[PDB]
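Asks: Pasting an experimental structure with its sequence.
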Amino acid sequence: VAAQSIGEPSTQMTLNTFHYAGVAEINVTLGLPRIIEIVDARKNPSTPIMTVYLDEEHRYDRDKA
Amino acid sequence: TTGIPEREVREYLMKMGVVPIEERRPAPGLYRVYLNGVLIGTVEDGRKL
Amino acid sequence: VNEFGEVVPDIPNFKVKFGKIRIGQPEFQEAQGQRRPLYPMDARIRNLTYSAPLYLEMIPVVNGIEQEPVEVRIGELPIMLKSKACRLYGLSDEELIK
Amino acid sequence: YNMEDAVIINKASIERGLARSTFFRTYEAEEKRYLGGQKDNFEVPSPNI
Amino acid sequence: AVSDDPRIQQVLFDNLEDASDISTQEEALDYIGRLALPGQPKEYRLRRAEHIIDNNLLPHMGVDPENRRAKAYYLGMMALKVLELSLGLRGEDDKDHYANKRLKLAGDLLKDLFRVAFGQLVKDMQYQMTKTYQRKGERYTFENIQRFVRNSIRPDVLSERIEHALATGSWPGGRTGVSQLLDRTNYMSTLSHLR
Amino acid sequence: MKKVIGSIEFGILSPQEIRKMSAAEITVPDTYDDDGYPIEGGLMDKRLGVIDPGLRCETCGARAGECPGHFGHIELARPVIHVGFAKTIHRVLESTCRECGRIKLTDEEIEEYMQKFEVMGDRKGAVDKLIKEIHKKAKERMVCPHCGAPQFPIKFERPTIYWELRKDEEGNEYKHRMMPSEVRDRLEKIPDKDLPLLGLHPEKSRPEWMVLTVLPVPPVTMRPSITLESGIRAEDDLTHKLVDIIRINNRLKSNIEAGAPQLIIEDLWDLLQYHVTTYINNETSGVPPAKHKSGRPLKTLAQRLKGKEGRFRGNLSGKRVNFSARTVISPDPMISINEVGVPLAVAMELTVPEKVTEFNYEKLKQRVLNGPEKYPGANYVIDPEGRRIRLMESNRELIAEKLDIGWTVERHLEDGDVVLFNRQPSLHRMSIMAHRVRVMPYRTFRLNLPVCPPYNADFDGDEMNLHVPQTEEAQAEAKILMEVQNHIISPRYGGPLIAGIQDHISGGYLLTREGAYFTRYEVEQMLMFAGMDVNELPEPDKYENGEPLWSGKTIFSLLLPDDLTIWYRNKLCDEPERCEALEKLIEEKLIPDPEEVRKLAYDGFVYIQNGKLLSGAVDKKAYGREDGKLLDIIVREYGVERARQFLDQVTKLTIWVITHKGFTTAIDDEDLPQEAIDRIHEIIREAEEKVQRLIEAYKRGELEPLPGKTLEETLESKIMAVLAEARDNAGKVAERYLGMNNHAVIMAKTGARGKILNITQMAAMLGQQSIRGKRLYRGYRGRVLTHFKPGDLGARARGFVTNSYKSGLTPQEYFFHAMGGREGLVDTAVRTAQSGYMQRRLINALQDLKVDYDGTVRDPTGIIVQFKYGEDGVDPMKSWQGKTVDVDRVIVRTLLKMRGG
Ligand SMILES: [Mg+2]
Ligand SMILES: [Zn+2]
Ligand SMILES: [Zn+2]
C-alpha cells in the first residue's frame, strides 16, 4: 500500500504556475522528475541549493545580511 | 511545387548580369547569389536584382 | 535508364544499347493469353493488380555497327487511378456512371 | 441517468427511424490448387467424418 | 580558399600550424586505410582510402578521384560557416522553419523503388546470357542476341519486386510505413486520409 | 500424504549421481530416419521419453500425453572444464599450494578467521568482502607452511586456458600449457576442512566436480521437433548440437586408442572444449556461434532458461484467465451503492459450482430440470467421481431424478453471488472491489454513480471486466474483506473517497436555501422515492400563511441520526462578520434555545444539533470526493453499515428535487450589460499602453534591470507580471457584477464541475498565452506571424488575446490560442509513461514487508526494519489528518450528550 499510494499521484501530476510572480527561488526542478531523483541515489544531482539562516544579529537588518 | 530543370534557370540569370565566381573578393563586395545552395556567381546591387 | 546505358558481357562481340520507353494501356492476359482492357471497378472485385505493361527497345551492337532494335516488354508497373495514362482520365459523367 | 456525459433519447424517435444504420461484412473463400495436381471442389460435405 | 577576410583569417593559422607540420602530403590518405583495417595490408592501404573518400565524402559532387578537387573548394566553404558563428556572425538556423524543410511526395518515392528493382533485372539478365553461351555455342549470327534476349528476361522478376515492396510497406532503403491501406469509412475520412 | 515444499538447497551435481539418475547411455548420433518407423537406439526413445504413437518406454508404458521425460548421460572420454566456473577456478588455483592442500596460511591465522564465519551467517553481501581479502593475501605469497617453499610460479587465465611461468633450465620462463586432467588431479588433494575457508561446501559442491566428466542429456519431452510446412521436420537446436557432440566423441575414442600420431590429440581436445562451451552458452565470449546450415543461431541452455524472453515473464508470472467478461458501462443511480448490473446474456455464460447438501436440495432440483436455456437453469452436473456430465443433449430429466446429495451443479448467476470488478490500469489499491450481482435485460454493465471516483472511470465508452471466484473459501473471503462499504475512506489521506458527484452536490444546495418551501404533495412523493419509510409523521407544517407547507431544512433533517452535533464554516460564506456574530453563542451556552439567533441564521454556517439542521446550507463540504466533514464523521461514530444507507438515501433524495425543479443553463447566463462591457475595455487599453512605455524605456537605455536575470530577460519578466494583474482585475469585475442567483455561478461556487476562472474566461479577457514559461518566440526571423511588423515586442504582437469566447476570436488571436492548446495535449500522454515504470521499481522493493503480531515490521531475513510500525500505532486509514485519537473532538462529543439529556 505504501508503493501504490506514492505511485498514484504521479499520474495526476499536472502543471502548476511555473512562471510565478516570485524572485528568490528560481528553477529548482519541481514536478515528478524531482521525486525520481530522491528515490535514486545519484551523487551529482541537478540544481542543488543549500539554505542558510542567520543568528540574532543579522536576523533583522539589510546591511548586515 | 512541381519541378523545373536547372538548365533554363542558370542560363537566364547568367545572360542577365550574374557575375561568375572568377571575379570575387568577395567580402566586403555586395555579392553572394545562391541557386539551391550552390553558390554560383555574384551580382552588383541587391535591390536592383 | 540513361544512367545504366551500356554495360557488359565478357564476350567482346555483343553489346546492348538502351533505347526508349513507352507506357501502354491497362490490360491483362489470364490463363490461355487473351489481352482484354481492364477497368478499375472490375479489378478490385476479383483480386487483380491494376497495372500497365512496360515496353523497352534494346539495340544489339555487334562489332560496332547497329542492325536491329527490338522492343520487348519487361513486366507490369502499377498505374495510379484517375491519373493521366489510366483509362478513367477525362471521361464524362455519364460514362463513369455506366 | 444522464450525469457525467450520458444522454437520454426519446423512445418514439428511435422507433420511427432516427439513427438507424446497417453493418456489412464479406468473406473471400477461394479455390487453392496444390502443386501435386489435386484440387478443392466445393461440394456439400457428405455426412461422414 | 576559405576566406580572404583578415579577422576570420587569423583564427586559421593556429589550427594550420598545429597539424600541417606533423603530417606531410598523401600520408594522411595512408592513415585512413591504417585506421580502417587493423592488420598489415601494405598495397591495400592506399586503395581503401580511395574507396572511403570517394563513396562517403560528399557523393553528390562526384565519385571519381578527379572530382575530389571540386569537393575540396566546397568543403572549405562549409567549414567557414562553423568558424564565424564562434566569432558571432549569424543566428543559428532552427531546423523546424519550413524554408529548410521539403516534402518528398509519392512521385519521387516511386523513383527510388523503380531504380533498385530495374537494377536487379539488368544484373539477372547479364548472368543468364553468359550461362547460355557455353551450352548453346553458336546460332545464327545476327540473330544471336535477337533470341538470346527473349529467352533470358523472365519478366515476372521486375514485376513481383515492385508489388511486394509497395504492398507490405517495407521499402529496400530501410524505411517502413510508406504505404497505408486507404481508410474508407465516411467520405470525409478518405479525402482527409489522402492529405 | 500430501506434503508441501519446505526448502530448496542448490548445489552441483556430482558424477556419481549422474550415473544413477541416467536411464541409458546415448551412443547413436542420429535423429529420426525417415518418414516411417522412427525408433533408434541412441538419442531418441531408448527409455528416455515418448513422442510417437508407440507405447514403448521404460516398462511403465505411459503414452506421450502426460509422461515426464527421463534423463540420460554421456561418458566423456576425457575431462572438460566447465566455462561457467572458470573465473572461480582461478580464485582456487592461485590461492593454494600444489601437492600439500593447505591455504598457504599458518594455523594461527586460519584459527581466528573461523570466528568471523558464525557472526556473518546470514548477510551474503558483507561476506564477499571477507572472502576476497583472503584471496588477495594469498596471491602475493610464495611460502607454503607444509612444503618448505620451493618457488611457486604464477597462474594465467582468459578465456579458458591456463599457464604457469615456471623455471626449468636455469632461468627460463616458458609457458607450459594446462590440461583439464592436470587441473582436476590437483583439486582432489584440497582436504574437506578447507572448503569453508574458501567459497565451497564439503557435501553439496566439491571443487573437483567443476571439471565435467559426464554430461547429462535432457529428455525427449524438452526437445520437440517442430514441423515446417507439412512434411518437413525442422529438427530441434538442442538435438542437433547433442548429435554434434556424439559425432566428435565417437571418432575421439577410436582415434586416440588405436593409432597415436600425437598431433591429433591437441587439435581434437580444444575443439571439444570449444564445442561444449556453445552447448552451455551460445552467446559466450570469444566463441564463434555454432549455427545450423541456415544462418539462424542456435539457442542453447543459456538462451533457453533466459535471453530476456524465456520463461519467467512469458508464461509463468502472467496469463489470461477464465470466467470473465468485458463490455461498456452506463449509469443508473437507482440501485444500492455496492450492487452491479449484469446483462442477462453474460449471466448465462458464467456459472458457479454450488455443491448441494441438504437444505438447498429442493432449489437445485428445479434448476437442473430447467436445462441450459431458461434463465434459472443449469449447464453441468458433477458426480462424486469427477466426470462432468453436460446437461445439453436431448434430455435432462433422467439426470434430475434422485440427485443424491454430494453431487455438484453449475447454476447460472443468480441475484446475490459475489463478483469482483476491474478497470484495468490498476493504479491504486482500490481499483478491484467486490460487488453483488443483480441481473437486468440489455447489454451494458450498470454501475452506481458514486462509485466512479475509485475506478477513475467516466462513461464515454470505457470498458470494465468482471471475473467470478468459484471455490467456497475464495468466494467467502471476497465478500467479507473487499466489499465496497469497507472502503469509504481511502488509505492515502484521511478522507472519504466514495461520495456525491456533480448533481448530488448542486442539487443539495437548492434543497437547503433560505426559502425552499415544498408543498405537501411533493414531500409525500419524495420520501417514497428515497427508500426511507416513515409513518404518519411528515408533521407539522412550519408555514401555513399562503398554504400549509414545509421548510426545506426539516425534510433533509429526516436522515441524520438523532444525536449528531456538528458545526463548521463552509465555502459559501462571504461575510466573515455575520458568521462570527453566531460563533460566540455556541461556545458560552452549548445548548441555547433554537429561536433567538439560530433562527437569525446565515447560509454558510452548518449548525446541526441533536438531529436537527437549524442553520446552514449543504454543499461540497458534506459529501464529495475531496474532504467532507459530515460523511467523514458519520463513519467513525456509527460503524460502517450505517454510512451506506445514509449515502444511498441522500443520493436518491437530492436527485428528485433537482429533476423536478429545473436546472438548465441558457445562453444569457454569460451576458453582461453595456456599462460593464465598457468597464473591461478601458482596462485593456491602459494595460496595453503600460507595456508600450516599458518597451520605449528599453530602447533608450534607461532599463533599471532586475538583479539576477540578464537585461533581455528582465524586460520579459516585468511584462508578464503587468498583464497577469490585468486579466485577474477583469476577473474581479466578473465576480462582482453577475449575480449569484443564476444557474451557472451556482455550479461554480459549490464545487460541481466548476472554477470561477473559466466562467470569467467566457465574458472577459483570456489573458496571455504561454508555452512552458516563455512568451511566444518561435516564428519567422524577427516576428511571430507574418501579419505584424518585424521587431515588435508589443502586447498585441507577442501573443495576447483581447476578445472572449462569447464576442469571438479574430484570425491572429485564434492562431495564438492553438499554440497554447497543443501544450496540454502533448504533456498528458508523456507524464503517464514515467509514472508507470517508476511504480514498478518501488513495488518490487517493498512487497515483502508484513506486520507481525507483536507489532514489528520484518523483512524476509528477520532484519527488523521498524520497531513498532509507522511510529506507532494508528493505521493511516483511521487516523485524523496525520494526528491520532483527537482529544478536541472527543471532549465536545461526550460532554454534549450527557449535559443535553
Ligand atoms: Mg474514459
Ligand atoms: Zn516414461
Ligand atoms: Zn605444503
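Replies: Cool, got the structure. Numbers count the residues shown, from 1 in each chain, chains lettered A, B, ... in the order given. Ligands and ions are numbered 1, 2, ... in the order given.

Asks: Give me the contacts around the longest helix along chain A.
Replies: Ordering each helix of chain A by length in residues (DSSP state H) puts helix A:32-39 first. With contact meaning C-beta atoms under 8 Å, 6 or more residues apart in numbering or on different chains, helix A:32-39 is reached by A:10, A:13, A:29, A:45-46, F:831, F:834-835, F:838, F:841-842. For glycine as for every other residue, the C-beta is placed from the backbone atoms N, C-alpha and C.

Asks: Stretch F:331-342 now?
Replies: For stretch F:331-342, contacts defined as C-beta under 8 Å, 6+ apart pick out D:1-4, D:6, F:413, F:419, F:421, F:435-440, F:444-452, F:459, F:466, F:483-485, F:498, F:644, F:647-648, F:651-652, F:655.

Asks: Return the subset of those lying in helices.
Replies: By the criterion of DSSP H, membership of those in helices covers F:644, F:647-648, F:651-652, F:655.

Asks: Now do residue F:447 against chain D, distance only.
Replies: Shown here: residue F:447 relative to chain D, a distance of 11 Å by C-beta to the nearest C-beta, to the nearest Å.

Asks: How about the contacts made by that residue?
Replies: Residues counted as contacts of residue F:447 (C-beta under 8 Å, 6+ apart) are F:329, F:331-332, F:340-341, F:421, F:455, F:457, F:464.

Asks: Which among the residues you listed count as buried?
Replies: F:329, F:331, F:340-341, F:421, F:455, F:457, F:464 (16 or more other C-beta atoms under 10 Å in any protein chain shown).

Asks: between these, which is closest to chain D?
Replies: Looking at those and their distance to chain D, the nearest is residue F:331, at 5.7 Å (C-beta to the nearest C-beta).

Asks: How much space separates the closest one from chain A?
Replies: The span separating residue F:331 from chain A equals 23 Å under the rule C-beta to the nearest C-beta.

Asks: Quick check: phi and psi at residue F:480.
Replies: Phi and psi for residue F:480, reported as degrees, to the nearest 10, are phi -90, psi -30.

Asks: actually residue F:553, sorry about that
Replies: Its backbone dihedrals place residue F:553 at phi -60, psi -40, with angles given as degrees, to the nearest 10.

Asks: how close does the closest residue to it other than its chain neighbours get to chain B?
Replies: Distances taken as C-beta to C-beta, 6 or more residues apart in numbering or on different chains place residue F:613 nearest to residue F:553, at 4.9 Å, with adjacent residues excluded. Between residue F:613 and chain B the distance is 75 Å, computed by C-beta to the nearest C-beta.

Asks: what sits against residue F:613?
Replies: When the contact criterion is C-beta under 8 Å, 6+ apart, the partners of residue F:613 are F:512, F:553, F:556-557, F:560, F:606-607.

Asks: picking up where we left off before, in the contacts of helix A:32-39, find the pair that's most separated.
Replies: By the measure C-beta to C-beta, A:46 and F:842 form the most distant pair in these, at 21.5 Å.

Asks: Mind checking which of the two has more residues around it?
Replies: Applying other C-beta atoms under 10 Å in any protein chain shown to residue A:46 and residue F:842 shows that residue F:842 carries more neighbours, namely 15 against 11.

Asks: Buried ones in the biggest helix by length in chain F, by neighbour count?
Replies: Ranked by residue count, the top helix of chain F under DSSP H comes out as helix F:811-846. Judged by neighbour count (16+ other C-beta under 10 Å), helix F:811-846 contains these buried residues: F:813, F:816, F:819-820, F:831, F:835, F:838-839.

Asks: again with stretch E:169-182
Replies: Buried positions in stretch E:169-182, judged by neighbour count with 16+ other C-beta under 10 Å: E:171, E:178.

Asks: Return the set of buried residues in the longest helix of chain A.
Replies: The neighbour-count check on helix A:32-39 (16+ other C-beta under 10 Å) flags A:35-36 as buried.

Asks: In contact with residue F:602: list those residues for me.
Replies: The contact partners of residue F:602, by C-beta under 8 Å, 6+ apart, come to F:573, F:575, F:578-579, F:582, F:615-616.

Asks: Look up how far residue F:188 lies from it.
Replies: 96 Å (C-beta to C-beta, to the nearest Å).

Asks: Just give me the neighbour total for the residue in the stretch 401-550 of chain F that chain C sits nearest to.
Replies: When you check the stretch 401-550 of chain F against chain C by C-beta to the nearest C-beta, the closest residue turns out to be residue F:461, at 32.7 Å. Residues lying near residue F:461 (other C-beta under 10 Å) number 8.

Asks: quick one on the thing from earlier: in the sheet, who's paired with the residue nearest to residue F:553?
Replies: With DSSP bridges as the criterion, residue F:613 is bridged to residue F:608.

Asks: ok, so what distance separates it from residue F:511?
Replies: With distances taken as C-beta to C-beta, residue F:613 is found 11 Å from residue F:511.

Asks: for residue F:767, same thing?
Replies: Noted for residue F:767: a distance of 37 Å to residue F:511, by C-beta to C-beta.

Asks: repeat for residue F:780
Replies: Plainly put, residue F:780 is 58 Å away from residue F:511 if you go by C-beta to C-beta.

Asks: Could you do residue F:845 as well?
Replies: When distance is defined by C-beta to C-beta, residue F:845 is 50 Å away from residue F:511.

Asks: Residue of chain C nearest chain F, please.
Replies: Of all residues in chain C, residue C:47 sits closest to chain F, with a separation of 23.3 Å (C-beta to the nearest C-beta).

Asks: In a helix, that residue, correct?
Replies: No. Secondary structure assignment places residue C:47 outside any helix; it is coil (DSSP: H, G, I helix; E, B strand; the rest coil).

Asks: out of residue F:780 and residue F:511, which sits in the more crowded spot?
Replies: Neighbour comparison, residue F:780 and residue F:511: the larger count goes to residue F:511, with 21 against 13 (by other C-beta under 10 Å).

Asks: need the contact list for the more buried one.
Replies: Residues in contact with residue F:511, defined by C-beta under 8 Å, 6+ apart, are F:552, F:555-556, F:618, F:653-654, F:657.

Asks: ok, so of the residues you listed, who is nearest residue F:45?
Replies: Within the contacts of residue F:511, distances to residue F:45 taken as C-beta to C-beta reach their minimum at residue F:654, with 75.6 Å.

Asks: Now do the contacts for that closest one.
Replies: Counting by C-beta under 8 Å, 6+ apart, residue F:654 makes contact with F:500, F:503-504, F:507-508, F:511.

Asks: With adjacent residues omitted, what lies nearest to it?
Replies: Going by C-beta to C-beta, 6+ apart, residue F:654 has residue F:507 as its nearest residue, at 4.2 Å.
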